[PDB]
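*Asks:* So that you have it, the file is final_8.pdb, and it contains PDB, N, CA and C atoms:
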MODEL        1
ATOM      1  N   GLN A   1      70.357 -42.755  52.113
ATOM      2  CA  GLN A   1      69.632 -44.018  52.201
ATOM      3  C   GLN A   1      68.216 -43.732  52.691
ATOM      4  N   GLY A   2      67.279 -44.615  52.331
ATOM      5  CA  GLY A   2      65.881 -44.394  52.625
ATOM      6  C   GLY A   2      65.266 -45.531  53.420
ATOM      7  N   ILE A   3      64.095 -45.238  53.995
ATOM      8  CA  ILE A   3      63.330 -46.175  54.810
ATOM      9  C   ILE A   3      61.894 -46.187  54.296
ATOM     10  N   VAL A   4      61.151 -47.235  54.658
ATOM     11  CA  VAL A   4      59.819 -47.490  54.115
ATOM     12  C   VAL A   4      58.725 -47.259  55.157
ATOM     13  N   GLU A   5      58.776 -47.987  56.278
ATOM     14  CA  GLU A   5      57.846 -47.832  57.398
ATOM     15  C   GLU A   5      56.378 -47.931  56.975
ATOM     16  N   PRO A   6      55.868 -49.131  56.711
ATOM     17  CA  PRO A   6      54.429 -49.288  56.459
ATOM     18  C   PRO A   6      53.626 -49.194  57.750
ATOM     19  N   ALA A   7      52.310 -49.054  57.591
ATOM     20  CA  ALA A   7      51.413 -48.914  58.732
ATOM     21  C   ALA A   7      50.039 -49.470  58.386
ATOM     22  N   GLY A   8      49.296 -49.865  59.420
ATOM     23  CA  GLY A   8      47.948 -50.376  59.246
ATOM     24  C   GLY A   8      47.487 -51.309  60.351
ATOM     25  N   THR A   9      46.178 -51.345  60.604
ATOM     26  CA  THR A   9      45.610 -52.232  61.612
ATOM     27  C   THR A   9      44.195 -52.614  61.197
ATOM     28  N   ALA A  10      43.728 -53.744  61.720
ATOM     29  CA  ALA A  10      42.467 -54.345  61.309
ATOM     30  C   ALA A  10      41.399 -54.177  62.383
ATOM     31  N   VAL A  11      40.143 -54.340  61.963
ATOM     32  CA  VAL A  11      38.985 -54.285  62.847
ATOM     33  C   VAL A  11      38.090 -55.481  62.544
ATOM     34  N   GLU A  12      37.035 -55.625  63.343
ATOM     35  CA  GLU A  12      36.072 -56.693  63.119
ATOM     36  C   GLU A  12      35.185 -56.372  61.921
ATOM     37  N   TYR A  13      34.648 -57.422  61.306
ATOM     38  CA  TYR A  13      33.916 -57.274  60.058
ATOM     39  C   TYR A  13      32.481 -56.822  60.304
ATOM     40  N   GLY A  14      31.965 -56.042  59.364
ATOM     41  CA  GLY A  14      30.573 -55.625  59.392
ATOM     42  C   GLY A  14      30.107 -55.285  57.997
ATOM     43  N   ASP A  15      28.815 -55.505  57.748
ATOM     44  CA  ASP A  15      28.272 -55.275  56.412
ATOM     45  C   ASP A  15      28.234 -53.790  56.071
ATOM     46  N   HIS A  16      27.747 -52.961  56.993
ATOM     47  CA  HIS A  16      27.652 -51.523  56.783
ATOM     48  C   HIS A  16      28.758 -50.758  57.499
ATOM     49  N   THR A  17      29.761 -51.460  58.013
ATOM     50  CA  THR A  17      30.855 -50.838  58.741
ATOM     51  C   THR A  17      31.796 -50.107  57.787
ATOM     52  N   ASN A  18      32.387 -49.020  58.281
ATOM     53  CA  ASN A  18      33.386 -48.284  57.521
ATOM     54  C   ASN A  18      34.590 -49.171  57.209
ATOM     55  N   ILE A  19      35.414 -48.704  56.281
ATOM     56  CA  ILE A  19      36.538 -49.472  55.756
ATOM     57  C   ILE A  19      37.829 -48.894  56.328
ATOM     58  N   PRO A  20      38.606 -49.662  57.084
ATOM     59  CA  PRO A  20      39.922 -49.187  57.519
ATOM     60  C   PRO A  20      40.906 -49.148  56.359
ATOM     61  N   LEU A  21      41.938 -48.323  56.522
ATOM     62  CA  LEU A  21      42.906 -48.075  55.465
ATOM     63  C   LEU A  21      44.324 -48.194  56.009
ATOM     64  N   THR A  22      45.266 -48.416  55.094
ATOM     65  CA  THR A  22      46.681 -48.536  55.409
ATOM     66  C   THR A  22      47.467 -47.468  54.659
ATOM     67  N   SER A  23      48.681 -47.201  55.133
ATOM     68  CA  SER A  23      49.517 -46.156  54.549
ATOM     69  C   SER A  23      50.982 -46.488  54.821
ATOM     70  N   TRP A  24      51.859 -45.522  54.553
ATOM     71  CA  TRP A  24      53.294 -45.688  54.743
ATOM     72  C   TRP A  24      53.931 -44.309  54.873
ATOM     73  N   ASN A  25      55.193 -44.297  55.300
ATOM     74  CA  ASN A  25      55.914 -43.050  55.541
ATOM     75  C   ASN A  25      57.399 -43.282  55.312
ATOM     76  N   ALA A  26      57.956 -42.632  54.295
ATOM     77  CA  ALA A  26      59.349 -42.813  53.913
ATOM     78  C   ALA A  26      60.219 -41.703  54.492
ATOM     79  N   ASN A  27      61.437 -42.067  54.892
ATOM     80  CA  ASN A  27      62.414 -41.137  55.440
ATOM     81  C   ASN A  27      63.743 -41.323  54.719
ATOM     82  N   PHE A  28      64.667 -40.394  54.959
ATOM     83  CA  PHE A  28      65.979 -40.425  54.329
ATOM     84  C   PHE A  28      67.055 -40.084  55.350
ATOM     85  N   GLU A  29      68.245 -40.651  55.158
ATOM     86  CA  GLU A  29      69.376 -40.455  56.054
ATOM     87  C   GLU A  29      70.588 -39.994  55.257
ATOM     88  N   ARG A  30      71.438 -39.182  55.887
ATOM     89  CA  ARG A  30      72.563 -38.558  55.208
ATOM     90  C   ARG A  30      73.840 -38.714  56.020
ATOM     91  N   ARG A  31      74.968 -38.737  55.309
ATOM     92  CA  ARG A  31      76.294 -38.750  55.911
ATOM     93  C   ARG A  31      77.172 -37.749  55.174
ATOM     94  N   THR A  32      78.192 -37.247  55.866
ATOM     95  CA  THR A  32      79.035 -36.176  55.352
ATOM     96  C   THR A  32      80.445 -36.689  55.085
ATOM     97  N   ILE A  33      81.051 -36.189  54.008
ATOM     98  CA  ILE A  33      82.402 -36.565  53.604
ATOM     99  C   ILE A  33      83.394 -35.569  54.186
ATOM    100  N   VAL A  34      84.497 -36.083  54.726
ATOM    101  CA  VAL A  34      85.530 -35.273  55.360
ATOM    102  C   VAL A  34      86.844 -35.489  54.622
ATOM    103  N   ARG A  35      87.547 -34.394  54.338
ATOM    104  CA  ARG A  35      88.810 -34.432  53.617
ATOM    105  C   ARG A  35      89.943 -33.945  54.510
ATOM    106  N   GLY A  36      91.128 -34.521  54.304
ATOM    107  CA  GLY A  36      92.306 -34.115  55.034
ATOM    108  C   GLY A  36      93.482 -33.927  54.096
ATOM    109  N   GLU A  37      94.509 -33.249  54.604
ATOM    110  CA  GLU A  37      95.689 -32.965  53.801
ATOM    111  C   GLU A  37      96.925 -32.941  54.686
ATOM    112  N   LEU A  38      98.080 -33.135  54.051
ATOM    113  CA  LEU A  38      99.370 -33.103  54.726
ATOM    114  C   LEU A  38     100.458 -32.934  53.674
ATOM    115  N   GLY A  39     101.509 -32.192  54.034
ATOM    116  CA  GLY A  39     102.564 -31.864  53.098
ATOM    117  C   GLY A  39     103.941 -32.033  53.713
ATOM    118  N   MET A  40     104.949 -31.614  52.949
ATOM    119  CA  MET A  40     106.343 -31.755  53.343
ATOM    120  C   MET A  40     107.192 -30.753  52.573
ATOM    121  N   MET A  41     108.378 -30.463  53.110
ATOM    122  CA  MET A  41     109.298 -29.507  52.511
ATOM    123  C   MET A  41     110.723 -29.847  52.924
ATOM    124  N   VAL A  42     111.638 -29.830  51.953
ATOM    125  CA  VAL A  42     113.036 -30.187  52.173
ATOM    126  C   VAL A  42     113.926 -29.058  51.671
ATOM    127  N   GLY A  43     114.959 -28.734  52.447
ATOM    128  CA  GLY A  43     115.929 -27.732  52.053
ATOM    129  C   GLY A  43     117.170 -28.328  51.420
ATOM    130  N   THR A  44     117.967 -27.493  50.751
ATOM    131  CA  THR A  44     119.134 -27.996  50.031
ATOM    132  C   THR A  44     120.230 -28.453  50.988
ATOM    133  N   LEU A  45     120.554 -27.629  51.986
ATOM    134  CA  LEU A  45     121.656 -27.962  52.884
ATOM    135  C   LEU A  45     121.281 -29.090  53.836
ATOM    136  N   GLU A  46     120.047 -29.080  54.347
ATOM    137  CA  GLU A  46     119.623 -30.132  55.265
ATOM    138  C   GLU A  46     119.585 -31.488  54.571
ATOM    139  N   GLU A  47     119.189 -31.512  53.296
ATOM    140  CA  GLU A  47     119.187 -32.766  52.547
ATOM    141  C   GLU A  47     120.597 -33.324  52.398
ATOM    142  N   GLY A  48     121.566 -32.462  52.089
ATOM    143  CA  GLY A  48     122.939 -32.924  51.960
ATOM    144  C   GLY A  48     123.536 -33.370  53.281
ATOM    145  N   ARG A  49     123.258 -32.629  54.355
ATOM    146  CA  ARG A  49     123.776 -33.000  55.668
ATOM    147  C   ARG A  49     123.185 -34.321  56.145
ATOM    148  N   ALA A  50     121.888 -34.534  55.904
ATOM    149  CA  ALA A  50     121.245 -35.766  56.350
ATOM    150  C   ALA A  50     121.784 -36.986  55.615
ATOM    151  N   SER A  51     122.313 -36.801  54.404
ATOM    152  CA  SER A  51     122.882 -37.920  53.664
ATOM    153  C   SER A  51     124.180 -38.425  54.282
ATOM    154  N   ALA A  52     124.794 -37.647  55.178
ATOM    155  CA  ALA A  52     126.042 -38.077  55.800
ATOM    156  C   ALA A  52     125.834 -39.278  56.714
ATOM    157  N   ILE A  53     124.632 -39.441  57.259
ATOM    158  CA  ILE A  53     124.323 -40.563  58.132
ATOM    159  C   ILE A  53     123.542 -41.651  57.392
TER     160      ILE A  53
ATOM    161  N   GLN B   1      -6.653 -37.931  24.294
ATOM    162  CA  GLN B   1      -7.698 -38.683  23.610
ATOM    163  C   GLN B   1      -8.689 -37.702  22.994
ATOM    164  N   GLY B   2      -9.296 -38.099  21.870
ATOM    165  CA  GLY B   2     -10.151 -37.207  21.120
ATOM    166  C   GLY B   2     -11.489 -37.830  20.765
ATOM    167  N   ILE B   3     -12.404 -36.961  20.322
ATOM    168  CA  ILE B   3     -13.742 -37.327  19.876
ATOM    169  C   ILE B   3     -13.994 -36.616  18.550
ATOM    170  N   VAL B   4     -14.947 -37.137  17.766
ATOM    171  CA  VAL B   4     -15.137 -36.710  16.384
ATOM    172  C   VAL B   4     -16.424 -35.918  16.186
ATOM    173  N   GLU B   5     -17.558 -36.411  16.702
ATOM    174  CA  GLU B   5     -18.855 -35.749  16.536
ATOM    175  C   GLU B   5     -19.173 -35.480  15.063
ATOM    176  N   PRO B   6     -19.561 -36.497  14.300
ATOM    177  CA  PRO B   6     -19.979 -36.276  12.912
ATOM    178  C   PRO B   6     -21.373 -35.664  12.838
ATOM    179  N   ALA B   7     -21.708 -35.161  11.649
ATOM    180  CA  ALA B   7     -22.996 -34.517  11.425
ATOM    181  C   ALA B   7     -23.392 -34.636   9.960
ATOM    182  N   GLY B   8     -24.700 -34.708   9.709
ATOM    183  CA  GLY B   8     -25.224 -34.799   8.357
ATOM    184  C   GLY B   8     -26.605 -35.420   8.278
ATOM    185  N   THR B   9     -27.394 -35.033   7.276
ATOM    186  CA  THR B   9     -28.747 -35.551   7.120
ATOM    187  C   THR B   9     -29.116 -35.596   5.642
ATOM    188  N   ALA B  10     -30.077 -36.460   5.314
ATOM    189  CA  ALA B  10     -30.523 -36.643   3.940
ATOM    190  C   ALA B  10     -31.562 -35.589   3.560
ATOM    191  N   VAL B  11     -31.777 -35.438   2.251
ATOM    192  CA  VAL B  11     -32.645 -34.381   1.741
ATOM    193  C   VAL B  11     -33.601 -34.946   0.692
ATOM    194  N   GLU B  12     -33.476 -36.247   0.405
ATOM    195  CA  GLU B  12     -34.222 -36.947  -0.644
ATOM    196  C   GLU B  12     -33.677 -36.580  -2.022
ATOM    197  N   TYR B  13     -33.737 -37.517  -2.964
ATOM    198  CA  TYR B  13     -33.010 -37.420  -4.220
ATOM    199  C   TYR B  13     -33.828 -36.722  -5.300
ATOM    200  N   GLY B  14     -33.116 -36.052  -6.205
ATOM    201  CA  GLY B  14     -33.697 -35.446  -7.385
ATOM    202  C   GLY B  14     -32.633 -34.827  -8.268
ATOM    203  N   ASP B  15     -32.816 -34.885  -9.585
ATOM    204  CA  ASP B  15     -31.858 -34.266 -10.491
ATOM    205  C   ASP B  15     -31.978 -32.748 -10.433
ATOM    206  N   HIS B  16     -30.830 -32.072 -10.488
ATOM    207  CA  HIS B  16     -30.736 -30.614 -10.436
ATOM    208  C   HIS B  16     -31.286 -30.036  -9.135
ATOM    209  N   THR B  17     -31.240 -30.791  -8.039
ATOM    210  CA  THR B  17     -31.833 -30.367  -6.775
ATOM    211  C   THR B  17     -30.806 -30.327  -5.647
ATOM    212  N   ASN B  18     -29.620 -29.778  -5.928
ATOM    213  CA  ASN B  18     -28.604 -29.495  -4.915
ATOM    214  C   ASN B  18     -28.042 -30.759  -4.268
ATOM    215  N   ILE B  19     -26.923 -30.624  -3.556
ATOM    216  CA  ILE B  19     -26.279 -31.739  -2.879
ATOM    217  C   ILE B  19     -26.018 -31.355  -1.427
ATOM    218  N   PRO B  20     -26.591 -32.058  -0.453
ATOM    219  CA  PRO B  20     -26.258 -31.789   0.949
ATOM    220  C   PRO B  20     -24.863 -32.285   1.291
ATOM    221  N   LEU B  21     -24.300 -31.714   2.356
ATOM    222  CA  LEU B  21     -22.925 -31.984   2.746
ATOM    223  C   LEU B  21     -22.853 -32.334   4.227
ATOM    224  N   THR B  22     -21.770 -33.011   4.600
ATOM    225  CA  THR B  22     -21.518 -33.449   5.967
ATOM    226  C   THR B  22     -20.263 -32.772   6.507
ATOM    227  N   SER B  23     -20.028 -32.939   7.807
ATOM    228  CA  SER B  23     -18.898 -32.302   8.480
ATOM    229  C   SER B  23     -18.666 -32.997   9.819
ATOM    230  N   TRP B  24     -17.772 -32.428  10.628
ATOM    231  CA  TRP B  24     -17.419 -32.982  11.929
ATOM    232  C   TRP B  24     -16.748 -31.895  12.760
ATOM    233  N   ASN B  25     -16.549 -32.191  14.045
ATOM    234  CA  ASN B  25     -15.985 -31.216  14.982
ATOM    235  C   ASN B  25     -15.361 -31.963  16.151
ATOM    236  N   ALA B  26     -14.049 -31.818  16.327
ATOM    237  CA  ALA B  26     -13.282 -32.634  17.257
ATOM    238  C   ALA B  26     -12.999 -31.898  18.563
ATOM    239  N   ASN B  27     -12.766 -32.681  19.617
ATOM    240  CA  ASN B  27     -12.393 -32.180  20.935
ATOM    241  C   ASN B  27     -11.330 -33.098  21.523
ATOM    242  N   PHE B  28     -10.640 -32.611  22.557
ATOM    243  CA  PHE B  28      -9.517 -33.340  23.133
ATOM    244  C   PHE B  28      -9.558 -33.277  24.655
ATOM    245  N   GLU B  29      -8.869 -34.233  25.281
ATOM    246  CA  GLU B  29      -8.784 -34.346  26.730
ATOM    247  C   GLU B  29      -7.402 -34.861  27.108
ATOM    248  N   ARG B  30      -6.877 -34.376  28.236
ATOM    249  CA  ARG B  30      -5.524 -34.703  28.665
ATOM    250  C   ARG B  30      -5.510 -35.147  30.123
ATOM    251  N   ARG B  31      -4.517 -35.972  30.462
ATOM    252  CA  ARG B  31      -4.300 -36.451  31.821
ATOM    253  C   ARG B  31      -2.804 -36.465  32.112
ATOM    254  N   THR B  32      -2.460 -36.719  33.372
ATOM    255  CA  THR B  32      -1.085 -36.638  33.845
ATOM    256  C   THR B  32      -0.564 -38.018  34.248
ATOM    257  N   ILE B  33       0.745 -38.209  34.077
ATOM    258  CA  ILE B  33       1.422 -39.474  34.343
ATOM    259  C   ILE B  33       2.155 -39.378  35.675
ATOM    260  N   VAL B  34       2.030 -40.425  36.493
ATOM    261  CA  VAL B  34       2.670 -40.505  37.801
ATOM    262  C   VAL B  34       3.549 -41.749  37.841
ATOM    263  N   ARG B  35       4.752 -41.607  38.396
ATOM    264  CA  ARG B  35       5.702 -42.707  38.492
ATOM    265  C   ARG B  35       6.252 -42.812  39.908
ATOM    266  N   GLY B  36       6.527 -44.049  40.329
ATOM    267  CA  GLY B  36       7.103 -44.300  41.630
ATOM    268  C   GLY B  36       8.285 -45.242  41.523
ATOM    269  N   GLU B  37       9.058 -45.310  42.608
ATOM    270  CA  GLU B  37      10.276 -46.109  42.624
ATOM    271  C   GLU B  37      10.389 -46.886  43.927
ATOM    272  N   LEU B  38      11.155 -47.976  43.875
ATOM    273  CA  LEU B  38      11.420 -48.823  45.029
ATOM    274  C   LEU B  38      12.670 -49.645  44.746
ATOM    275  N   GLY B  39      13.503 -49.828  45.769
ATOM    276  CA  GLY B  39      14.754 -50.543  45.596
ATOM    277  C   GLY B  39      15.093 -51.497  46.723
ATOM    278  N   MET B  40      16.320 -52.015  46.723
ATOM    279  CA  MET B  40      16.753 -52.961  47.741
ATOM    280  C   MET B  40      18.259 -52.849  47.929
ATOM    281  N   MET B  41      18.733 -53.354  49.066
ATOM    282  CA  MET B  41      20.155 -53.382  49.381
ATOM    283  C   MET B  41      20.493 -54.716  50.027
ATOM    284  N   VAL B  42      21.489 -55.408  49.478
ATOM    285  CA  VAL B  42      21.887 -56.731  49.947
ATOM    286  C   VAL B  42      23.381 -56.721  50.232
ATOM    287  N   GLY B  43      23.769 -57.251  51.394
ATOM    288  CA  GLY B  43      25.160 -57.375  51.760
ATOM    289  C   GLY B  43      25.680 -58.787  51.558
ATOM    290  N   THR B  44      27.007 -58.898  51.442
ATOM    291  CA  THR B  44      27.624 -60.194  51.170
ATOM    292  C   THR B  44      27.416 -61.162  52.329
ATOM    293  N   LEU B  45      27.636 -60.697  53.560
ATOM    294  CA  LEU B  45      27.429 -61.559  54.720
ATOM    295  C   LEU B  45      25.952 -61.853  54.943
ATOM    296  N   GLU B  46      25.080 -60.886  54.654
ATOM    297  CA  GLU B  46      23.644 -61.120  54.762
ATOM    298  C   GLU B  46      23.181 -62.188  53.778
ATOM    299  N   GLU B  47      23.731 -62.177  52.562
ATOM    300  CA  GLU B  47      23.297 -63.123  51.537
ATOM    301  C   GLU B  47      23.587 -64.564  51.940
ATOM    302  N   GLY B  48      24.774 -64.820  52.488
ATOM    303  CA  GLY B  48      25.125 -66.181  52.859
ATOM    304  C   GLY B  48      24.304 -66.715  54.016
ATOM    305  N   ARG B  49      23.985 -65.855  54.985
ATOM    306  CA  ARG B  49      23.178 -66.287  56.121
ATOM    307  C   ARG B  49      21.793 -66.737  55.675
ATOM    308  N   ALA B  50      21.193 -66.018  54.724
ATOM    309  CA  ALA B  50      19.871 -66.390  54.235
ATOM    310  C   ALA B  50      19.896 -67.712  53.478
ATOM    311  N   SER B  51      20.986 -67.996  52.760
ATOM    312  CA  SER B  51      21.066 -69.223  51.974
ATOM    313  C   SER B  51      21.105 -70.475  52.842
ATOM    314  N   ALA B  52      21.429 -70.340  54.130
ATOM    315  CA  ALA B  52      21.454 -71.502  55.013
ATOM    316  C   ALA B  52      20.066 -72.109  55.168
ATOM    317  N   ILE B  53      19.037 -71.268  55.261
ATOM    318  CA  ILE B  53      17.670 -71.733  55.464
ATOM    319  C   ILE B  53      16.951 -71.810  54.124
TER     320      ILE B  53
ENDMDL
END
Go through the file and emit its structure as structure tokens.
*Replies:*
Amino acid sequence: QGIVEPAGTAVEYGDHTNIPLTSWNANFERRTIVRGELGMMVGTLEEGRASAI
Amino acid sequence: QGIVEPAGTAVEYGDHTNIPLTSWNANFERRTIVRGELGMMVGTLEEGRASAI
């Protein structure tokens, strides 16, 4: 994601006075993706024994 | 600018008595050109103030 951030300020008027100017400054932000995992395993005898209950 | 300076004179007339001739001789003169400059500067705020009076 990005940002804009404008800038600038004014002065009093004059015929031969210099000219003030404005600008801006953009920035960016980042986030990180995290992954997880989980598994399982069943045996033949334990599966049959657990079915008794 | 130039000048011509013509020349010639009469000899009195007669048949078979030659023909006088005329001529000229030119000269020239030169001069130099001089140029000058002048300007003005008017501001927007200055212009309006003068228009009041």
*Asks:* Find the distance between CA of residue 34 (chain A) and atom C of residue 2 (chain A) and write it in Å to one decimal.
*Replies:*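 Here the two named atoms are 22.8 Å from each other.
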*Asks:* List every residue of chain B that DSSP, applied to the backbone of this structure, assigns to strand (DSSP E or B), and report them as a list in words.
*Replies:*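 Put together, the selection reads residues 2, 3, 6, 7, 23, 24, 27 and 28 of chain B.
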*Asks:* Report the distance between atom C of residue 29 (chain A) and atom C of residue 7 (chain A) in Å, rounded to one decimal place.
*Replies:*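 So the two atoms, atom C of residue 29 (chain A) and atom C of residue 7 (chain A), lie 22.8 Å apart.
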*Asks:* Quick check, in Å to one decimal: how far apart do atom C of residue 6 (chain B) and atom C of residue 24 (chain B) lie?
*Replies:*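 Distance between the two atoms: 6.0 Å.
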*Asks:* Counting all atoms listed in the file, what is within 6.5 Å of residue 3 (chain A), bar same-chain residues fewer than 5 positions away, as a tab-separated table (two decimals) with N, CA and C atoms, in the frame of the given file?
*Replies:*
chain	number	residue	atom	x	y	z
A	25	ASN	N	55.19	-44.30	55.30
A	25	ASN	CA	55.91	-43.05	55.54
A	25	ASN	C	57.40	-43.28	55.31
A	26	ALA	N	57.96	-42.63	54.30
A	26	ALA	CA	59.35	-42.81	53.91
A	26	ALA	C	60.22	-41.70	54.49
A	27	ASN	N	61.44	-42.07	54.89
A	27	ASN	CA	62.41	-41.14	55.44
A	27	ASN	C	63.74	-41.32	54.72
A	28	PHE	N	64.67	-40.39	54.96
A	28	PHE	CA	65.98	-40.42	54.33
A	28	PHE	C	67.06	-40.08	55.35
A	29	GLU	N	68.24	-40.65	55.16
A	29	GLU	CA	69.38	-40.46	56.05
A	29	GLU	C	70.59	-39.99	55.26
*Asks:* Exactly which residues make up the result of the PyMOL selection byres ((chain B) within 6.5 of (chain A)) on this file, given as JSON, numbers by chain?
*Replies:* {"B": [43, 44, 45]}
*Asks:* To test the calculation: enclose all listed atoms of region 37-46 of chain B in a box whose edges run along x, y and z, add 6 Å on each side, then state centre and edge lengths in Å to one decimal, as AutoDock Vina command-line options.
*Replies:*
--center_x 18.3 --center_y -53.7 --center_z 48.8 --size_x 30.6 --size_y 28.9 --size_z 24.3
*Asks:* Chain A vs chain B: Cα RMSD after least-squares superposition over all Cα in order?
*Replies:* 4.3 Å
*Asks:* Just checking: using only C-alpha atoms, which residue out of B:22, B:17, B:37, B:42 ends up closest to residue 5 (chain B)?
*Replies:* B:22
*Asks:* Once the PyMOL selection byres ((chain A and resi 20) around 8) has been applied to the shown file, what residues remain in the selection, as a PDB file with N, CA and C atoms, in the coordinates of the input?
*Replies:*
ATOM      1  N   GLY A   8      49.296 -49.865  59.420  1.00  0.00           N
ATOM      2  CA  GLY A   8      47.948 -50.376  59.246  1.00  0.00           C
ATOM      3  C   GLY A   8      47.487 -51.309  60.351  1.00  0.00           C
ATOM      4  N   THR A   9      46.178 -51.345  60.604  1.00  0.00           N
ATOM      5  CA  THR A   9      45.610 -52.232  61.612  1.00  0.00           C
ATOM      6  C   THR A   9      44.195 -52.614  61.197  1.00  0.00           C
ATOM      7  N   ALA A  10      43.728 -53.744  61.720  1.00  0.00           N
ATOM      8  CA  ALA A  10      42.467 -54.345  61.309  1.00  0.00           C
ATOM      9  C   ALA A  10      41.399 -54.177  62.383  1.00  0.00           C
ATOM     10  N   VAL A  11      40.143 -54.340  61.963  1.00  0.00           N
ATOM     11  CA  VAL A  11      38.985 -54.285  62.847  1.00  0.00           C
ATOM     12  C   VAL A  11      38.090 -55.481  62.544  1.00  0.00           C
ATOM     13  N   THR A  17      29.761 -51.460  58.013  1.00  0.00           N
ATOM     14  CA  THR A  17      30.855 -50.838  58.741  1.00  0.00           C
ATOM     15  C   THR A  17      31.796 -50.107  57.787  1.00  0.00           C
ATOM     16  N   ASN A  18      32.387 -49.020  58.281  1.00  0.00           N
ATOM     17  CA  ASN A  18      33.386 -48.284  57.521  1.00  0.00           C
ATOM     18  C   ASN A  18      34.590 -49.171  57.209  1.00  0.00           C
ATOM     19  N   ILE A  19      35.414 -48.704  56.281  1.00  0.00           N
ATOM     20  CA  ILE A  19      36.538 -49.472  55.756  1.00  0.00           C
ATOM     21  C   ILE A  19      37.829 -48.894  56.328  1.00  0.00           C
ATOM     22  N   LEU A  21      41.938 -48.323  56.522  1.00  0.00           N
ATOM     23  CA  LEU A  21      42.906 -48.075  55.465  1.00  0.00           C
ATOM     24  C   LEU A  21      44.324 -48.194  56.009  1.00  0.00           C
ATOM     25  N   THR A  22      45.266 -48.416  55.094  1.00  0.00           N
ATOM     26  CA  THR A  22      46.681 -48.536  55.409  1.00  0.00           C
ATOM     27  C   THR A  22      47.467 -47.468  54.659  1.00  0.00           C
TER      28      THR A  22
END
*Asks:* Would you list, as a VMD selection string, the residues of chain A that end up in helix (DSSP H, G or I) under DSSP run on this structure's backbone?
*Replies:* chain A and resid 44 to 50
*Asks:* Any chance you could build region 5-17 of chain B out to N, CA, C and O atoms and write it as a compact mmCIF listing (two decimals), keeping the file's coordinate frame?
*Replies:*
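Heads up, here's the output in rebuild10.txt:
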# COMPACT_ATOMS: atom_id res chain seq x y z
N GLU B 5 -17.56 -36.41 16.70
CA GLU B 5 -18.86 -35.75 16.54
C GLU B 5 -19.17 -35.48 15.06
O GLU B 5 -19.02 -34.35 14.58
N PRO B 6 -19.56 -36.50 14.30
CA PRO B 6 -19.98 -36.28 12.91
C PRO B 6 -21.37 -35.66 12.84
O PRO B 6 -22.13 -35.64 13.81
N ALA B 7 -21.71 -35.16 11.65
CA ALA B 7 -23.00 -34.52 11.42
C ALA B 7 -23.39 -34.64 9.96
O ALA B 7 -22.53 -34.65 9.08
N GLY B 8 -24.70 -34.71 9.71
CA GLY B 8 -25.22 -34.80 8.36
C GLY B 8 -26.60 -35.42 8.28
O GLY B 8 -26.96 -36.25 9.12
N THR B 9 -27.39 -35.03 7.28
CA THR B 9 -28.75 -35.55 7.12
C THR B 9 -29.12 -35.60 5.64
O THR B 9 -28.55 -34.87 4.82
N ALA B 10 -30.08 -36.46 5.31
CA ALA B 10 -30.52 -36.64 3.94
C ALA B 10 -31.56 -35.59 3.56
O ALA B 10 -32.15 -34.93 4.41
N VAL B 11 -31.78 -35.44 2.25
CA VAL B 11 -32.65 -34.38 1.74
C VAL B 11 -33.60 -34.95 0.69
O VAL B 11 -34.43 -34.21 0.14
N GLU B 12 -33.48 -36.25 0.40
CA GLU B 12 -34.22 -36.95 -0.64
C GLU B 12 -33.68 -36.58 -2.02
O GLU B 12 -33.21 -35.46 -2.23
N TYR B 13 -33.74 -37.52 -2.96
CA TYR B 13 -33.01 -37.42 -4.22
C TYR B 13 -33.83 -36.72 -5.30
O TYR B 13 -35.06 -36.79 -5.32
N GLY B 14 -33.12 -36.05 -6.20
CA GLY B 14 -33.70 -35.45 -7.38
C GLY B 14 -32.63 -34.83 -8.27
O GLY B 14 -31.64 -34.30 -7.76
N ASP B 15 -32.82 -34.88 -9.59
CA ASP B 15 -31.86 -34.27 -10.49
C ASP B 15 -31.98 -32.75 -10.43
O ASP B 15 -33.08 -32.20 -10.34
N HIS B 16 -30.83 -32.07 -10.49
CA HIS B 16 -30.74 -30.61 -10.44
C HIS B 16 -31.29 -30.04 -9.14
O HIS B 16 -31.76 -28.90 -9.11
N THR B 17 -31.24 -30.79 -8.04
CA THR B 17 -31.83 -30.37 -6.78
C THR B 17 -30.81 -30.33 -5.65
O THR B 17 -31.07 -30.79 -4.54
